[PDB]
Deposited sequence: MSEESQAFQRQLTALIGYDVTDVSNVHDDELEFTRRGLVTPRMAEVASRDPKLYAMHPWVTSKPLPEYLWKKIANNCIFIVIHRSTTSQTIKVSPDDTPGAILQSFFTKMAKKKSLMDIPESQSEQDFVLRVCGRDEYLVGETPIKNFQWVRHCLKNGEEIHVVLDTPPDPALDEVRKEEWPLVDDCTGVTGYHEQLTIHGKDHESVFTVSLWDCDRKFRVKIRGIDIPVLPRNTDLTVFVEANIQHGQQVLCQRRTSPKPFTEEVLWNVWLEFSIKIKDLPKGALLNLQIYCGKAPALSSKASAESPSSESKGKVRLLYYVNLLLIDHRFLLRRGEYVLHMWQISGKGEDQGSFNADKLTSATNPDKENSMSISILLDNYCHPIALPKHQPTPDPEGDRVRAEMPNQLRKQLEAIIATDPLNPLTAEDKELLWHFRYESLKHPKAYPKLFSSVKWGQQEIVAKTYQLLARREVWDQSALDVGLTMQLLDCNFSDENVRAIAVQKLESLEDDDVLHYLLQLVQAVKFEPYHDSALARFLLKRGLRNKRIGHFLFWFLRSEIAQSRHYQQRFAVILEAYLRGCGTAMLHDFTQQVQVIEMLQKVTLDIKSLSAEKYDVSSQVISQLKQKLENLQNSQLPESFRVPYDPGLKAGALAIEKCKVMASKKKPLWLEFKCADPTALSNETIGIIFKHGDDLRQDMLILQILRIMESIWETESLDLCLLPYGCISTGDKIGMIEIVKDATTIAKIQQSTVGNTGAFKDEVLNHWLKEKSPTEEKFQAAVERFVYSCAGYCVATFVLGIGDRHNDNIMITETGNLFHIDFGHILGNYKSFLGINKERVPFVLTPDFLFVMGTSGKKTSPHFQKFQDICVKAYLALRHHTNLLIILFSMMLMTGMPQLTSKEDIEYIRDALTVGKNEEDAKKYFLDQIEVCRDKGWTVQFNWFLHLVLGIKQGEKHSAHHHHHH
């Protein structure tokens, strides 16, 4: 058809990659997966409720934390309804449904409709108590009043989805040879090929070639015989082919394909080059740069596939192995114990990761028995979702389809609320699937299509990776295409505007980093063309309005060209401010966006999301630490959108206003600065308060993730007392608790204080609360390192967090350890901060 072509061309542009193009393939797994995804997509599209889909109530089943109940001192919540220029305030109880509210307002004044929040595409509707809406919980936490407009439900027809048209030999590979157009480097060290049979980052078996000269063309013409039988290869096994002299080049080929056939025949595989363990090392994708890249050539000639009583001290040993954290290596002795007593091990949902990584995947009969084992899934199926546990089964240690589906099965009882929390890490976990079609991919697809807020973020998380990693762009592009094919015409339109806006702003942030070298002075000569360039696009190019990618409820309109600037940084970010598109917005404030180029913007995403998780983990134990994890979305290569928090300034800038000299710091400017911004001694008091919580929150959070040692430049504070770290994109100090912080805390040097006793109190409460979730945190950390960073040590980088969380200690030792950290920051005072300036001559 012809309109099926126009729309494909559309999808391509939304995606930033062409899923039909086939220059860089060697089997049809990608196409097959496009076909396979049609079914679950269509099922979820037919299944979802029109009305609730269009309105996407954002809701939770969690209780209201004690610290938000305190703010309804009366069992009544105030809601303010609007006509056009008229308004009225209604008393309501926290167990009231928005249904029970519209009628008690219609009975109120009486001389069909829905309540949507003023200034936003957000809605209070569906059978949920209003205490349970996220907007309502945000308004309470922030002391703001609930503003809502009476209007019509959005026509569900706007989400119209378009109709779619659619034996016993040992294993052996021959290494023919290697080639690369341009070699010239060091000189001539030897070079060899190493072949691994791999399953779940476990090497089943390994053969090398002879060493030989590193010329632009090397040849071996050898059969490498492996020790494994063909019949013993498990589904998901990779042939991992590596070049040394030392690891220089890698590529992978799936030994068994998406059709359960053994891979046979000739290959010429274009390899990836090491930079100078991580998720990139595992990809089945070949390098698409056919011209510059090293290739290897190989031939595959080789086809069907498809209890009693435990003694006492053994149980103790078993149970002691199970109580161990996810990063304690299992001894051979440990593995046999788990395996031989597998059935006793199946009663402990917690044993599952260690049990399934006690399996000899390279023996067919053992795999069989493992599959018979997972048929008895009573205990697993009946245990409560432990997200931590489930993530472990989706990391690089598990390549078995059946082990990974019981993890995914567990994810099914996450409510949208929790999915949104884990959504980025689940997307990144797609990098550990052996095949493009997975239970995990389909979970994401389904949940994305069932809820617009999940859909939206799923679009950007996938597009973020599609634009910046060649290693996985093909896989993620197929998943996104599948998504965009069922999300609906209103969302496609919405997406199209967002992509147009960031693309236009790219041709801008583009030509501007250029105009002043690295000299930090920003000429008005340079803000000349910025303003000119913005005016340009405003007429007949730049969309009327766009959904703010990191805050999808909010609609940005026209630039406020006057307030736009180029920021002072060595990078040259755009400081952009937009008008709100929504005439019902209560405020007149601008939407400020930093548009930033030339940095790993994905690590900032990873870190910020872990922060949000940490807040929720704190929520489950009734704590509020007033983090401010600002919005931040990667749109493409080295480059994206970042939310500007209002009335906020850098600590550094605060230190450079009164005086600003060369490495000099003052203890009282911050405190004084808070007073000058506080119009009442009251509001001043509320500030010192927020500072104590926010300061402690960042100290703990940041200690734990090992990102605590920051320069002043990258710590901010709001006029209203909220501290917050920025720019996580990659003597020492565990965190930033400097004398200027301590002076706000009404303390100095040796002595104590009321606010400082509190600050220590809150740190300890918060720390030991994360230690209750030790395992979840280690798995997120570990996963972040593998799918997020440069190079990292499978036992060194990752183990930082175990020591940071002080694994294996009683609550008392741990409190001590953390309180010692506070003392370390005290001793060093201004030292490290000063060092930065010192070194700018080293």
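Engineer: So, counting the deposited sequence from position 1, which segments are absent from the coordinates?
Structural biologist: In the chain as deposited, 1, 113-126, 182-214, 294-316, 348-354, 381-382, 387-401, 826-838, 951-966 carry no coordinates.
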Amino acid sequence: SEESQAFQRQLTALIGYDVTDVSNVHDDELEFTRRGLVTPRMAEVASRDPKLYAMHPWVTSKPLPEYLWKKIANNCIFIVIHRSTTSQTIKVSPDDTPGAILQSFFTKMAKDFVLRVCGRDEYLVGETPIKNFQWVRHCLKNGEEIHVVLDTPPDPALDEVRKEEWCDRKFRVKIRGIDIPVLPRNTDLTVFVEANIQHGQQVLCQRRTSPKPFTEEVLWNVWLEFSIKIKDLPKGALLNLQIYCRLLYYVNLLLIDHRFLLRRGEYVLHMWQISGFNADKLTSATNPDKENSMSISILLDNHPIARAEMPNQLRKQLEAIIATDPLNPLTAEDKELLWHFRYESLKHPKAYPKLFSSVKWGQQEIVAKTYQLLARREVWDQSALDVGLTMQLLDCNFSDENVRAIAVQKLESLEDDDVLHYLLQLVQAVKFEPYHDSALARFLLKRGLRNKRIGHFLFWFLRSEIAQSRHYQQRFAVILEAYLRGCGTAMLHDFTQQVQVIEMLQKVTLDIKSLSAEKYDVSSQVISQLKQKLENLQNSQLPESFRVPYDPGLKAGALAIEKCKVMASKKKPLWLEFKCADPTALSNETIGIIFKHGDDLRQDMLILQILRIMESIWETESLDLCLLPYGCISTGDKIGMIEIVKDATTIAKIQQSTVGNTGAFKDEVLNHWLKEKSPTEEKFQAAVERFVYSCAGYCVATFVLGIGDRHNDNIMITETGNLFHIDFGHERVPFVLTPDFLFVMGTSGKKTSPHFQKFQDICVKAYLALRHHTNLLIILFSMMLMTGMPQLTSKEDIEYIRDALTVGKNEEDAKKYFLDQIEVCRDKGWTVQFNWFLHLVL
From here on, numbers count along this sequence of modelled residues.
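Under this definition, the rigid core comprises the largest set of C-alpha atoms superposing within 1.5 Å between the forms.
Engineer: Give, as the answer, the stretch of 524-532 and 70-78 that departs more from the shown form in 4 other deposited structures of this protein; the measure is RMS Cα distance after a core fit.
Structural biologist: Between the two stretches, 524-532 moves farther in 4 other deposited structures of this protein.
Engineer: To spell it out: superpose each other structure in 4 other deposited structures of this protein onto this one by the rigid core, compute Cα RMS over structures and residues for 453-461 and for 672-680. Which is larger?
Structural biologist: Taking the RMS over all superposed structures in 4 other deposited structures of this protein, 672-680 lies farther out.
Engineer: Does at least a third of the other compared PDB entries (those resolving both flanking residues) leave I406 without coordinates?
Structural biologist: In all of the other entries, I406 has coordinates.
Engineer: At a threshold of one third of the other compared entries, does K369 come out as unmodelled?
Structural biologist: Other entries vs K369: none skip it.
Engineer: Read off the CA B-factors in the entry, average them over 236-244 and over 125-133, and name the higher stretch.
Structural biologist: Stretch with the greater average CA B-factor: 125-133.
Engineer: Out of 523-531 and 621-629, which one has CA B-factors that are higher on average in the deposited record?
Structural biologist: Averaged over C-alpha atoms, the B-factors run higher in 523-531.
Engineer: Tell me which of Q409, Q506, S399, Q498 tops the list for C-alpha B factor in the record.
Structural biologist: Highest C-alpha B-factor among the listed residues goes to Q506.
Engineer: Identify, among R34, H26, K795, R41, the residue whose C-alpha carries the highest B-factor in the deposited PDB entry.
Structural biologist: Checking the PDB record, the top C-alpha B-factor among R34, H26, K795, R41 is at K795.
Engineer: State the tercile, meaning the lowest, middle or highest third, of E544 with respect to the CA B-factors recorded for its chain.
Structural biologist: Top third by C-alpha B-factor.
Engineer: Report the third (lowest, middle or highest) to which the CA temperature factor of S47 belongs, ranking only the modelled residues of the same chain.
Structural biologist: Middle third.
Engineer: Relative to the other modelled residues of the same chain, rank the CA B-factor of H773 and answer lowest, middle or highest third.
Structural biologist: As the PDB entry reports it, the C-alpha B-factor of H773 lands in the lowest third of its chain.
Engineer: Test of reading the entry: by CA B factor among the chain's modelled residues, which third contains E164?
Structural biologist: Highest third - that is where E164 ends up once the chain's C-alpha B-factors are sorted.
Engineer: Looking at the temperature factor on the CA atom of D188, which third of the chain's modelled residues does it land in?
Structural biologist: Within its chain, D188 is a highest-third residue by C-alpha B-factor, going by the deposited values.
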